[PDB]
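1. Sequence unavailable; structure follows:
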Ligand code: SF4
Ligand code: SF4
Ligand SMILES: [Zn+2]
């Protein structure tokens, strides 16, 4: 064919976008040839139901509060002391200028 | 389990004059401060060479119609360099001119206009321009717990009498409110 | 006569009540039954165990089928 | 050797005077916090870490090595951070807030509500 | 903008290494080879076949999990399915259902009025999930484009009952979804 | 409320009860392609330039012969 | 300085007003209230399972990342773990949605600039992906498929095979489109160096997503705060060198390819198991159990009447939507109705962007800037 000399149309790893019926959808979604039984529970639960131990939700600790005055503020200010390290850490990341065809010969992903 | 470092360092080096409450939860770390020093606190951040936030993500209003300080302004802002985010949450009543942050983060004019009309909280410096979201001359502030869901005057229809008009609400099939509550 | 008059309008074909009275009873053998139709799902009508210790049929409260005990 | 190619960011522009500018900025900040503000808190912190970074840059003297050892993104980014910190110090002393007068409550709140592992949480940088 | 002058020089000092490179790049930008490549690709697609589903004679593909014109099924005995739980009305996120019941004469409970003003009924699906007897369902019919608002205010269960004209088709769907739902 | 619903037929315990048939077949279907690839196989520089120049010269010679005939 | 108006392709409803000077846009300013609904007010006077469709309606191009973000917020606030198959299919569909949005935004940009054939080819591909949606659950768009705690229904059989077929043919289609646009001198001269954004003002104006990743700074939430299975799904995360229209465009295409890598990595690891829960107190029971057991009916009834109750605290949850950091702020208290659910769509940041970054350009460049910003007034206004 006359184009077929440059571009994706002249590449053995090139596919078109007209999937035939048989090759795209040969089994309609309604009447499949199988019988799926989706799971919905684990055996341990289904024969040892115990809802608090399962529902660690609402099993959270209570909210703890404290007030501070000038005395405690001064005490903390004095006992506190920084260090050359562990101030915070830094989240550093930079560009690399990587290729495209590298990963898995440029295939796998 | 996310950003204890930045929060701890920020609290242990701050001028402790302007912090009213600190909550180091796991949902989000909160510096509840006084409305008088808000600009001072935010300008401390974004500049200190460890807890530099440099990006303001949200300025949202919350309404509590049962407390003397009716409103609650909330600033959610992260630190793209130190991979952390904090939530500075201030109180605010009816009319009480709150400081602006459009000088520091220019990305607050639209969020401060939105909190001007949705709620009614003011803003002393520049960002309190006219309303943004709601259409035009609007009676109330349509996100507190008083402006009803269907609005005061909202019928708006064409009139071959003249052209088009806005008239008070007479809607059909009134809003049903189901209860669903559960006394345990 | 009044319910079907409130909702239905045509009054040419028979109303649901008329059809469910046209279906006869079942005449089951034991003392307790369960009404769904013929499938457990895809036909709804959750299990509705109904007693049969009266000389008159017993309705099912979904898709009234009027089961009846056979013998004495 | 290996002056630089590009810092990678659009706003920052490379500068071959990284060591000299850092030396000057750090000396100035050390002087400012040394004389001006009260000896507390913020001042303690900034004195400590700023004199640290001054010492390490002065000793390493090769901008590649100062990056690799000091452990921060770029010398340009450090220049930006130092300039901003000095600006902040100026503002701070303009409105000096130090010292809690009295009648002061800072409610420390904490609740250890557990959250699942499949929720967006900014996991700590190693 | 002083750096841009310096950058534009190096960028020219880099690509213009030899004479072959400058000559190639020049007649590249002078004979429109990328234009020609684009044109050839376009012409290929022109010669190639089309999609153009030709609607009124061969409609598009669907799935049994579709949502459309609602319907109220009924048992094989002709007996209605709905029992007035109010669950569909309760879960309606658009409040687009109105339902009002009463004890019938024979004893069973049924619905005196049941209507869905189809517009206000965005088609979300929660209907066919809240129903404990599969009374209401969304049959795979999307061609109902009346010319007067009142129609799309589907009537007091009457037209909804007429959804049984699909009772075969709908049934099929339900079977294929009894497994995983 | 799960045993026979999930699978009644013949299991001795709750484990190894169901058959699922949900996901992919054994093998991941393929290794797929994601990287771009546009081959450049057209006549690059000298071919096209010589074509243009040669056809121009020869066309001019033909124009000459034709104008001779027409005169 | 002229005062021109701009009330326009169908690239949304928006009212630009432009202080002009010759052919220079001295000051552009958008009026945005032109499509408002009160989504927050409604959510409040609504619920959790009832308010999910609202999130489906916000940012109506990428129609599932929103539900994903809302579900993450509710789970975080609720402490309700989710099974592995649910996580995997949820990531699969989030990435399909990213591809959808990228096709639409990219080729609508191409139409604004003038091309049309890329628009039509991309719309064919969008038809294929929408068919995937409507096969899995619901209509083509607006598939309320990601509930709190997992998904609503399991996916059918053969869907994975179709996914693979689409993956291959779609790699080829992206290659075609990139060959059609990337390199065409018209497109290059129309796109490059149009709307530069230094990272300083980027972080200032609070951009996110591709925008923030355009100029320099490399930061996306999938790598920073990996909410879901994303770890096991290594990918690439491209980054642009000089923030402008062309580099944002190339970023978009590379993001398409990385999304393909993820969409293949899932159907090779998807751990066939259960979905959506293990407590019939936060997720309703399926039909067989509901119609056979007894307590299953009680829980189904209560869960579809009043929904689940979540405790007192308030949270913020962010997701790397196709546009940017889609944020949700929940202030729930006690009862089953979400107190003050606040949205943080990136539309606000991107429009203020438009304002400042549309100076000293021409009107064609204003159109180009809207294209590269990929605005959806639905989410910018909600
Ligand atoms: S849930 Fe089903 S039967 Fe019950 S009231 Fe509604 S459609 Fe009617
Ligand atoms: S389909 Fe949804 S919008 Fe329509 S009434 Fe049923 S539950 Fe509500
Ligand atoms: Zn029955």
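-> Sure thing, it's come through. Numbering: from 1, shown residues only, chains lettered A, B, ... in the order given. Ligands and ions are numbered 1, 2, ... in the order given.

2. how close does the residue nearest to residue A:109 when sequence neighbours are not counted get to residue G:166?
-> Leaving aside its sequence neighbours, residue A:109 sits nearest to residue G:261 (C-beta to C-beta, 6 or more residues apart in numbering or on different chains; 3.1 Å). C-beta: built from backbone N, CA, C; applies to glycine. Distance, residue G:261 to residue G:166, by C-beta to C-beta, to the nearest Å: 14 Å.

3. Strands of the stretch 1-150 of chain G, residue ranges please.
-> With DSSP state E, counting those that start in this stretch, the ranges of strands along the stretch 1-150 of chain G come out as G:2-6, G:15-21, G:24-31.

4. do you know which of those strands lies nearest residue B:34?
-> Residue B:34 sits nearest to strand G:24-31 of all these, at 34.5 Å, using C-beta to C-beta.

5. does the one residue in chain C that gets nearest to chain A count as helix, strand or coil?
-> For chain C, the residue positioned closest to chain A under C-beta to the nearest C-beta is residue C:41, at a distance of 12.4 Å. Of the three states, residue C:41 takes coil according to DSSP: H, G, I helix; E, B strand; the rest coil.

6. Just confirm yes or no for stretch C:46-60 near chain F.
-> No: interface with chain F: stretch C:46-60 contributes nothing (C-beta under 8 Å from any C-beta of the partner chain), its closest point being 11.3 Å away.

7. can you give me the end-to-end distance of that stretch?
-> For stretch C:46-60, the first and last residues are 11 Å from each other (C-alpha to C-alpha, to the nearest Å).

8. what about it and chain G, touching?
-> Yes: using C-beta under 8 Å from any C-beta, stretch C:46-60 reaches chain G at C:46-47.

9. what about that stretch and ligand 1, any contact?
-> No: legend: contact between stretch C:46-60 and ligand 1 by C-beta under 6 Å from any ligand atom is lacking; minimum distance shown is 12.0 Å.

10. Give me the residues contacting that stretch.
-> Contacts of stretch C:46-60 with the rest of the structure, by C-beta atoms under 8 Å, 6 or more residues apart in numbering or on different chains, involve C:25, C:28, C:30-36, C:45, C:61-62, C:65-69, E:107-108, E:132-133, G:290-292, G:297.

11. Just give the number of residues close to residue E:84.
-> For residue E:84, the tally of surrounding residues (other C-beta atoms under 10 Å in any protein chain shown) stands at 17.

12. Flag every buried residue along stretch G:318-328.
-> G:318-328 (16 or more other C-beta atoms under 10 Å in any protein chain shown).

13. Revised request: answer the last question for stretch G:124-135.
-> For stretch G:124-135, using 16+ other C-beta under 10 Å, the buried residues are G:125-126, G:128-135.

14. What about contact with chain F: does it have any residue there?
-> No: using C-beta under 8 Å from any C-beta, stretch G:124-135 stays clear of chain F, coming no nearer than 15.2 Å.

15. that older thread, which of the buried residues of stretch G:124-135 fall within helices?
-> Secondary structure defined by DSSP state H assigns G:125-126, G:128-135 of the buried residues of stretch G:124-135 to helices.

16. The residues you listed into a markdown table, with extra columns for distance to residue G:50?
-> As requested, these are exported to a markdown table (distance: C-beta to C-beta, whole Å):
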| residue | distance to residue G:50 |
| --- | --- |
| G:125 | 33 |
| G:126 | 29 |
| G:128 | 31 |
| G:129 | 27 |
| G:130 | 25 |
| G:131 | 28 |
| G:132 | 26 |
| G:133 | 21 |
| G:134 | 22 |
| G:135 | 25 |
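
17. which among the residues you listed gets closest to chain C?
-> Proximity of those to chain C was ranked by C-beta to the nearest C-beta; the top entry is residue G:135 with 20.4 Å.

18. I'd say that closest one and residue G:159 touch.
-> Yes: the criterion here is C-beta atoms under 8 Å, and residue G:135 meets it with residue G:159 at 6.7 Å.

19. about what we covered before: now the strands of the stretch 1-150 of chain G in TSV, with mean neighbour count and distance to residue B:98?
-> As requested, these are exported to TSV (neighbours: other C-beta atoms under 10 Å in any protein chain shown; distance: least, C-beta to C-beta, whole Å):
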stretch	mean neighbour count	distance to residue B:98
strand G:2-6	11	33
strand G:15-21	16	28
strand G:24-31	17	24
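
20. ok, residue B:132 to chain C distance?
-> The span separating residue B:132 from chain C equals 49 Å under the rule C-beta to the nearest C-beta, to the nearest Å.

21. ok, back up a step: just the buried ones from the contacts of stretch C:46-60, in ChimeraX syntax?
-> Buried subset of the contacts of stretch C:46-60, written as a ChimeraX selection, criterion 16+ other C-beta under 10 Å:
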select /C:33,35,36,45,62,65,66,67,68,69 /E:108,132,133 /G:290,291,292,297
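
22. Isn't residue B:50 up against residue B:9?
-> Yes: between residue B:50 and residue B:9 there is a contact at 6.0 Å, judged by C-beta under 8 Å.

23. so what sits against both of these two?
-> A:87-88.

24. From the buried residues of stretch G:318-328, which land in helices?
-> Residues from those lying in helices, with DSSP H as the criterion: none.

25. Which two of these have the greatest separation?
-> For the buried residues of stretch G:318-328, the maximum inter-member distance is 16.1 Å, found between G:322 and G:328 (C-beta to C-beta).
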